[PDB]
Structures are given as structure tokens and as C-alpha cells.
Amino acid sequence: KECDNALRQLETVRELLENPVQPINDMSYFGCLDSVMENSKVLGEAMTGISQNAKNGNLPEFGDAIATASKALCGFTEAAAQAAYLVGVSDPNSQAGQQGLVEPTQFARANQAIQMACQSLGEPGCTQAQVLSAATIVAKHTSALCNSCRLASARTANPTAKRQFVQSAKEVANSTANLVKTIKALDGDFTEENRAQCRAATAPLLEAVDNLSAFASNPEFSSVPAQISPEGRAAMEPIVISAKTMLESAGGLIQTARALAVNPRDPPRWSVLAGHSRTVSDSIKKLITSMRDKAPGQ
């Protein structure tokens, strides 16, 4: 149900494999291969921990294990999807597509979140606690923006782009440092003066965010999907299918493992868990082999 965030996150993750027409990360094919391997090691550990703590009934350790497995599965899928894309575009008939310098939706979410938080801490009807929590929100999304700018500069070879992205990021970080400072003063002594000062301090941050927005909007910095040929599509299918099956069986493993955690004495569920684990292993092996066989440059 809506409760099972791990299962829902596996489903969300599967979307990466549905049509790899754009690069999802900055990994080379070598990077993808390394990632797959590392995440294999980590996933094995996790799956062992899941069984063990389901038997022993160690619910907190079990939960940590599910969280670990989930992370590894995310990492696997990102690597597999990226690898798929790289295999596709590498086909002679395929024309490559530009990686987006920033995620525009995630950017807009940061903008709106920062905005709401500033507006909150600006209010008269706002407790000391609420100002702090508002600040953690501002901080969360602000750092997200700066990090995205850092990546954007690394990605782009454009001279004005690299400079301005890093510059805008610096403005955001600076003015956020100024905001968090006056909020710390306000936390030291909660008074009208300090609250009005805080309402001022948001102006340069909002301006900085707005500037960065205008700059990032430029269609030169946006992503363009790849023209992937039927041959390229055929080449990447085994990787995609292996990755999908891996996710199916992993979801099955988690789902069954919860039931076993609440009721360990059930041989059928244990047999189902085993089957899921084995299909996961076989999917990972078939994925690795598929990535080797279809490795670009051949």
C-alpha cells in the first residue's frame, strides 16, 4: 500500500529504464560498470541482512537492511539506464542528445520552497521554532541549487555558462549565509528589529535565485533527447530487460521479507524469498554480461 515507500521507490526507479533517450548522470561506461559491481556487493550484504534479521526478528536492523538494499537498487538502475543510453547513442545511425545542465522542475521546486520559507519567517504570526524550521527548508533547497550549479559548470564547456553558473551559486550561498546569520541573531534575541532585519535579508536571496532562474531558463542549457536508431534500441534491450527483472524480483524479495519479519515460521514464504534472491542474482549477472557484450567502441 501507500505505506511501502521502498516498493513505491522501486516503481519510481523503473521509470529510468522506460526510455533512456537522455543521460541521467555524468558516468562513463566504465563508471557504470564499476557502479554495477559495487552495488552488487552492497546489495548482497543487504539481502543477507534482510533474511538474517527476519529470522532473528531484529526489526530496526532489518529496516536498515531494506534501506541499504533500496539504495543499492537505485544505484544499479541509474548505472544500467545510463549504460543503456550510452549503448544507444553510440550506434552510427543514432544522433546524440544534450544533457540538461540543471533539472528545471527540481529547480522550480527549490525556488518555490525557498520563497514560502522566506514568506513564513517574514510573518508576525511565526514562532521562534517556526523560524528555525523555515531556515532548514531555505537551507535544504539553497544548497540543492548551489550543488546543481556546480554540476552545471562541470558539464558545460561554455565559457560564459561556467562562470555565471558558479557566480550565481556564490550569490545564493552568500545571501543565504547572511539570512541564516540574522536568523541566528533572532534566535539569540527574538524581537521586532531582528524579525524586520530577517525580512530584509530574504530580498537579496530571492533576487539571486530569480537571476539564476532567468539564466538557467536559456534554451541552450536545457536537455535535448537523443535520436536513437532501431539498431541502438535493439542493442540496449538486454540491459534494460535484465535491470527491469532485477527490480521486479527485488520488490518481490522486500515484500515477502516484511511478511517473514512479522511471521518467521513459514516455509513457503522462505522458499519465495529464496527464489526472488536467486532471480535477482541471475538478473545482475545477465545485466553485467549484457553490458560487456554490448560495450561501445566494438
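Basically, rigid core = biggest C-alpha set you can superpose within 1.5 Å across the two forms. In case it trips you up, residue 1 is the first one in the sequence shown, and so on.
Asks: Say the other structures are aligned on the rigid core; which stretch then has the higher CA RMS in 5 other deposited structures of this protein, 118-126 or 214-222?
Replies: Farther from the shown form on average in 5 other deposited structures of this protein: 118-126.
Asks: Core-superposed in 5 other deposited structures of this protein, which stretch deviates more in Cα positions, 288-296 or 1-9?
Replies: The more displaced stretch in 5 other deposited structures of this protein turns out to be 1-9.
Asks: Mean C-alpha B-factor higher for 83-91, or for 157-165?
Replies: The stretch with the larger mean CA B-factor is 157-165.
Asks: With respect to the recorded C-alpha B factors, which stretch has the higher mean value, 284-292 or 6-14?
Replies: Higher mean C-alpha B-factor: 6-14.
Asks: Based on the PDB record, which member of 143, 127, 136, 77 exhibits the highest Cα temperature factor?
Replies: Among 143, 127, 136, 77, the PDB entry lists the largest C-alpha B-factor for 127.
Asks: Place residue 55 in the lowest, middle or highest third of its chain's C-alpha B-factors, as listed in the PDB entry.
Replies: Answer is highest: the recorded C-alpha B-factor places it there.
Asks: Quick check on the deposited entry: does the C-alpha B-factor of residue 227 sit in the lowest, middle or highest third of its chain?
Replies: CA B-factor rank for residue 227: lowest third.
Asks: Is residue 116 in the lowest, middle or highest third of its chain when residues are ranked by C-alpha B-factor?
Replies: Its C-alpha B-factor belongs to the highest third of this chain's values.
Asks: Relative to the other modelled residues of the same chain, rank the CA B-factor of residue 73 and answer lowest, middle or highest third.
Replies: Ranked within chain, residue 73 CA B lands in the lowest tercile.
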